[PDB]
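Asker: Quick one, work_22.tsv (TSV, C-alpha atoms and all ligand atoms):
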```
chain	number	residue	atom	x	y	z
Y	3	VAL	CA	391.09	120.35	81.89
Y	4	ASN	CA	393.56	118.59	84.20
Y	5	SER	CA	393.55	117.25	87.76
Y	6	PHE	CA	395.74	119.87	89.43
Y	7	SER	CA	393.71	121.46	92.22
Y	8	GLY	CA	394.03	124.61	94.29
Y	9	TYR	CA	396.71	126.30	92.19
Y	10	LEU	CA	396.96	130.07	91.97
Y	11	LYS	CA	397.18	131.19	88.35
Y	12	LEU	CA	400.20	133.42	87.73
Y	13	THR	CA	400.14	133.77	83.93
Y	14	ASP	CA	398.53	132.23	80.87
Y	15	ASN	CA	400.65	129.10	81.37
Y	16	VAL	CA	402.20	129.20	84.89
Y	17	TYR	CA	400.41	128.04	88.07
Y	18	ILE	CA	401.72	127.89	91.65
Y	19	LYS	CA	400.85	126.27	94.98
Y	20	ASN	CA	402.47	126.00	98.41
Y	21	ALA	CA	403.00	122.25	98.30
Y	22	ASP	CA	405.57	119.49	98.55
Y	23	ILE	CA	406.19	118.30	94.98
Y	24	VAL	CA	406.36	114.72	96.29
Y	25	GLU	CA	402.86	114.99	97.79
Y	26	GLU	CA	401.53	116.72	94.66
Y	27	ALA	CA	402.95	113.89	92.56
Y	28	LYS	CA	401.54	111.11	94.75
Y	29	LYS	CA	398.05	112.63	94.65
Y	30	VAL	CA	397.91	113.82	91.04
Y	31	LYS	CA	400.12	111.19	89.36
Y	32	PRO	CA	400.90	113.66	86.55
Y	33	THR	CA	402.33	112.77	83.17
Y	34	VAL	CA	405.64	114.54	83.90
Y	35	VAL	CA	407.20	115.41	87.25
Y	36	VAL	CA	410.40	117.47	87.13
Y	37	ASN	CA	413.32	116.53	89.36
Y	38	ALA	CA	415.86	119.18	90.36
Y	39	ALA	CA	418.80	116.94	89.57
Y	40	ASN	CA	422.57	117.28	89.55
Y	41	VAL	CA	424.76	116.17	86.65
Y	42	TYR	CA	425.44	112.78	88.30
Y	43	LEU	CA	421.77	111.96	89.04
Y	44	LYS	CA	422.86	111.46	92.66
Y	45	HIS	CA	419.52	112.02	94.37
Y	46	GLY	CA	420.74	112.80	97.85
Y	47	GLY	CA	418.61	115.66	99.21
Y	48	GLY	CA	416.03	118.34	98.52
Y	49	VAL	CA	413.62	117.61	95.69
Y	50	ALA	CA	415.68	114.71	94.35
Y	51	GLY	CA	416.32	112.99	97.67
Y	52	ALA	CA	412.65	113.24	98.61
Y	53	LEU	CA	411.41	112.03	95.21
Y	54	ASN	CA	413.87	109.15	95.19
Y	55	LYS	CA	412.90	108.19	98.74
Y	56	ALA	CA	409.25	108.09	97.67
Y	57	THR	CA	410.21	105.59	94.92
Y	58	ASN	CA	411.90	103.32	97.48
Y	59	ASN	CA	415.26	104.05	95.72
Y	60	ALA	CA	414.03	102.76	92.34
Y	61	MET	CA	414.73	106.20	90.85
Y	62	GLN	CA	418.37	105.97	91.98
Y	63	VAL	CA	418.79	102.43	90.62
Y	64	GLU	CA	417.43	103.50	87.23
Y	65	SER	CA	419.57	106.65	87.30
Y	66	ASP	CA	422.79	104.75	88.04
Y	67	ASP	CA	422.19	102.57	84.99
Y	68	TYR	CA	421.50	105.69	82.89
Y	69	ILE	CA	424.80	107.29	83.97
Y	70	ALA	CA	426.78	104.08	83.46
Y	71	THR	CA	425.56	104.04	79.85
Y	72	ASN	CA	425.47	107.73	78.94
Y	73	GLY	CA	427.74	109.61	81.33
Y	74	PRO	CA	426.76	112.76	83.20
Y	75	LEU	CA	424.25	115.31	82.05
Y	76	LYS	CA	425.22	118.87	81.17
Y	77	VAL	CA	424.42	121.73	83.52
Y	78	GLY	CA	421.31	123.16	81.86
Y	79	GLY	CA	420.44	119.76	80.37
Y	80	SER	CA	417.93	117.03	81.09
Y	81	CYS	CA	416.89	113.46	80.51
Y	82	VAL	CA	413.54	111.67	80.57
Y	83	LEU	CA	413.35	108.60	82.82
Y	84	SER	CA	410.53	106.71	84.50
Y	85	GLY	CA	408.24	108.44	86.95
Y	86	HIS	CA	407.95	105.19	88.94
Y	87	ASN	CA	405.00	105.39	91.39
Y	88	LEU	CA	404.87	109.21	91.20
Y	89	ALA	CA	404.20	110.08	87.53
Y	90	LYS	CA	404.36	108.53	84.09
Y	91	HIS	CA	407.75	110.15	83.49
Y	92	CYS	CA	410.37	112.08	85.42
Y	93	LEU	CA	412.17	114.89	83.60
Y	94	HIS	CA	415.51	115.22	85.41
Y	95	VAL	CA	416.65	118.82	84.85
Y	96	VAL	CA	420.00	120.22	85.99
Y	97	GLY	CA	419.93	123.87	87.00
Y	98	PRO	CA	423.22	125.67	87.68
Y	99	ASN	CA	424.60	125.37	91.22
Y	100	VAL	CA	425.92	128.83	92.08
Y	101	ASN	CA	427.68	127.32	95.12
Y	102	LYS	CA	429.75	125.40	92.53
Y	103	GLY	CA	430.52	128.57	90.57
Y	104	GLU	CA	428.11	127.59	87.79
Y	105	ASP	CA	426.78	130.31	85.51
Y	106	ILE	CA	423.29	131.44	86.55
Y	107	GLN	CA	422.61	132.21	82.88
Y	108	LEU	CA	422.32	128.42	82.55
Y	109	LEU	CA	419.05	128.61	84.50
Y	110	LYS	CA	417.25	129.75	81.34
Y	111	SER	CA	418.70	126.80	79.41
Y	112	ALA	CA	417.49	124.49	82.20
Y	113	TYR	CA	413.92	125.81	81.99
Y	114	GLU	CA	413.94	125.48	78.17
Y	115	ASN	CA	413.78	121.70	78.68
Y	116	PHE	CA	410.23	122.14	80.02
Y	117	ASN	CA	409.05	123.31	76.58
Y	118	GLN	CA	409.37	119.75	75.25
Y	119	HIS	CA	406.40	118.70	77.44
Y	120	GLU	CA	402.86	120.03	77.21
Y	121	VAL	CA	402.14	119.88	80.97
Y	122	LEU	CA	404.53	119.47	83.92
Y	123	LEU	CA	404.56	119.44	87.71
Y	124	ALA	CA	407.80	121.11	88.71
Y	125	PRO	CA	409.81	122.68	91.54
Y	126	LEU	CA	411.72	125.95	91.30
Y	127	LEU	CA	415.10	125.18	89.76
Y	128	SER	CA	418.49	126.27	91.13
Y	129	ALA	CA	417.03	127.48	94.43
Y	130	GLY	CA	417.57	125.97	97.87
Y	131	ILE	CA	420.56	123.64	98.12
Y	132	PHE	CA	421.56	124.83	94.64
Y	133	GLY	CA	422.04	128.33	96.06
Y	134	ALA	CA	420.10	130.66	93.75
Y	135	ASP	CA	417.39	133.14	94.70
Y	136	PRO	CA	413.91	131.59	94.21
Y	137	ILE	CA	412.48	135.00	93.24
Y	138	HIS	CA	414.81	135.07	90.24
Y	139	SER	CA	414.06	131.43	89.40
Y	140	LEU	CA	410.32	132.14	89.18
Y	141	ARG	CA	410.97	135.11	86.87
Y	142	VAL	CA	413.12	133.00	84.54
Y	143	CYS	CA	410.49	130.25	84.57
Y	144	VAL	CA	407.70	132.66	83.58
Y	145	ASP	CA	409.85	134.26	80.86
Y	146	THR	CA	411.12	130.93	79.43
Y	147	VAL	CA	408.51	128.18	79.78
Y	148	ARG	CA	405.65	128.34	77.26
Y	149	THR	CA	404.02	125.00	78.09
Y	150	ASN	CA	401.73	124.54	81.09
Y	151	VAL	CA	403.75	124.37	84.30
Y	152	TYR	CA	402.39	123.73	87.80
Y	153	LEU	CA	404.97	124.87	90.35
Y	154	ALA	CA	405.03	123.30	93.81
Y	155	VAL	CA	406.77	125.58	96.33
Y	156	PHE	CA	407.81	123.81	99.53
Y	157	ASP	CA	408.29	126.78	101.90
Y	158	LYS	CA	405.21	128.80	102.87
Y	159	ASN	CA	407.07	132.04	103.66
Y	160	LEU	CA	408.73	131.80	100.25
Y	161	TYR	CA	405.44	130.95	98.50
Y	162	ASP	CA	403.67	133.82	100.24
Y	163	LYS	CA	406.61	136.03	99.24
Y	164	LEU	CA	406.88	134.94	95.60
Y	165	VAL	CA	403.12	135.46	95.22
Y	166	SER	CA	403.03	138.76	97.10
Y	167	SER	CA	406.11	139.98	95.22
Y	168	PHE	CA	405.20	138.59	91.79
Y	169	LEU	CA	404.74	141.24	89.13
Y	201	LIG	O1	413.21	124.94	94.84
Y	201	LIG	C1	413.03	123.64	95.31
Y	201	LIG	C2	412.57	123.78	96.79
Y	201	LIG	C3	413.72	124.39	97.62
Y	201	LIG	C4	414.41	123.24	98.31
Y	201	LIG	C5	415.88	123.00	98.09
Y	201	LIG	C6	415.39	123.49	99.43
Y	201	LIG	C7	413.47	122.08	98.26
Y	201	LIG	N1	412.37	122.42	97.34
Y	201	LIG	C8	411.22	121.67	97.22
Y	201	LIG	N2	410.23	122.19	96.43
Y	201	LIG	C9	409.08	121.47	96.29
Y	201	LIG	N3	408.78	120.29	96.83
Y	201	LIG	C10	409.77	119.77	97.59
Y	201	LIG	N4	409.69	118.56	98.25
Y	201	LIG	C11	410.90	118.36	98.93
Y	201	LIG	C12	411.70	119.46	98.69
Y	201	LIG	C13	411.02	120.40	97.84
```
Any chance you could give the structure as structure tokens?

Answerer:
Amino acid sequence: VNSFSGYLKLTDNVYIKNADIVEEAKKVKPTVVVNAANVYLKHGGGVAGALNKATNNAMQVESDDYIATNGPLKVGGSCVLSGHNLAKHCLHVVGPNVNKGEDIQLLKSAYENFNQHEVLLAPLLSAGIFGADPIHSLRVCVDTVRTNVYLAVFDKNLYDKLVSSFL
């Protein structure tokens, strides 16, 4: 039993809700929140910009130190950093940016990072400002993640559509 509330159950291990991941994190304070990061951990917009803003820029300060030490992530890769005031941890995951010409096959690799954590609050990866189709992203998530994932979908029309169109 966990403290996620009001989620629609999609599969054995995948749950979904029309919600802002930032608001879900502030209320639930989960163990792991997933950030839809880029390779530079430059949290400028979308999920990352909103999460970072909610941490009063502490996420960005921590991230800049991480990059200065370790260099950029790989597309499809991840790192675990603090969750600040939003969660115990933040799993920064880089999905492919198809506007950058990045291989959409890397979306499966990105979701594989979720399997290292028993329970996660997450957004759909590679969609939105990253350019990919959120319908496809949900399919890859369901077919890749085996741990318990609670997906927060920001846009109602999209949520209603992913649910109505989910097989
Ligand atoms: O797939 C992630 C969705 C799509 C978006 C890039 C346009 C933003 N996005 C979010 N998904 C869930 N919670 C959120 N809070 C702020 C943004 C956001």

Asker: Within 6 Å of segment 87-96 of chain Y, counting only C-alpha atoms, which residues show up once you throw out same-chain ones fewer than 4 positions away? Write them as JSON, numbers by chain, please.

Answerer: {"Y": [27, 28, 31, 32, 33, 34, 35, 36, 37, 38, 39, 40, 77, 78, 79, 80, 81, 82, 83]}

Asker: Neighbours of ligand LIG 201 (chain Y) at 7 Å or closer, counting only C-alpha atoms and all ligand atoms: which residues, as a list in words?

Answerer: residues 21, 22, 23, 24, 48, 49, 52, 125, 126, 127, 128, 129, 130, 131, 132, 136, 154, 155 and 156 of chain Y

Asker: List as JSON lines every residue of segment 83-126 of chain Y that is in contact with segment 16-19 of chain Y, defined as an atom at most 12 Å from one of its atoms (using all atoms listed in the file), together with the nearest atom pair and the distance in Å rounded to one decimal, sorted by chain and then rising number.

Answerer:
```
{"residue": "Y:116", "atom": "CA", "partner": "Y:16", "partner_atom": "CA", "distance": 11.7}
{"residue": "Y:120", "atom": "CA", "partner": "Y:16", "partner_atom": "CA", "distance": 12.0}
{"residue": "Y:121", "atom": "CA", "partner": "Y:16", "partner_atom": "CA", "distance": 10.1}
{"residue": "Y:122", "atom": "CA", "partner": "Y:16", "partner_atom": "CA", "distance": 10.1}
{"residue": "Y:123", "atom": "CA", "partner": "Y:17", "partner_atom": "CA", "distance": 9.6}
{"residue": "Y:124", "atom": "CA", "partner": "Y:18", "partner_atom": "CA", "distance": 9.6}
{"residue": "Y:125", "atom": "CA", "partner": "Y:18", "partner_atom": "CA", "distance": 9.6}
{"residue": "Y:126", "atom": "CA", "partner": "Y:18", "partner_atom": "CA", "distance": 10.2}
```

Asker: Interatomic distance between atom CA of residue 10 of chain Y and atom CA of residue 148 of chain Y?

Answerer: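 Between these atoms lies a distance of 17.2 Å.
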
Asker: Figure out the distance between atom CA of residue 157 of chain Y and atom CA of residue 14 of chain Y, please, to one decimal in Å.

Answerer: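 Taking atom CA of residue 14 of chain Y as the start and atom CA of residue 157 of chain Y as the end point, the length is 23.8 Å.
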
Asker: Which is closest to residue 105 of chain Y among Y:117, Y:134, Y:165, Y:84, if we use all atoms listed in the file?

Answerer: Y:134

Asker: Closest to residue 151 of chain Y among Y:7, Y:72, Y:57, Y:15, using all atoms listed in the file?

Answerer: Y:15

Asker: Which distance in Å separates atom CA of residue 68 of chain Y and atom CA of residue 43 of chain Y, to one decimal?

Answerer: 8.8 Å

Asker: Would you mind telling me which residue in Y:30, Y:100, Y:112, Y:12 lies nearest to residue 144 of chain Y when using only C-alpha atoms?

Answerer: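 Using only C-alpha atoms, residue 144 of chain Y sits closest to Y:12.
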
Asker: Of the candidates Y:20, Y:101, Y:167, Y:59, which one gets nearest to residue 153 of chain Y if we count only C-alpha atoms?

Answerer: Y:20

Asker: For each of Y:147, Y:53, Y:3, Y:140, take the minimum atom-to-atom distance to residue 169 of chain Y, counting only C-alpha atoms, then give the residue where this is smallest.

Answerer: Y:140

Asker: Taking all atoms listed in the file into account, name the residue in Y:114, Y:25, Y:64, Y:104 that is nearest to residue 149 of chain Y.

Answerer: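 With all atoms listed in the file as the atom set, the closest residue is Y:114.
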
Asker: As JSON, please report the centre and edge lengths, rounded to one decimal in Å, of the axis-aligned box that holds all listed atoms of segment 41-48 of chain Y with 6 Å of padding on each of the six sides.

Answerer:
```
{"center_x": 420.7, "center_y": 114.9, "center_z": 92.9, "size_x": 21.4, "size_y": 18.9, "size_z": 24.6}
```
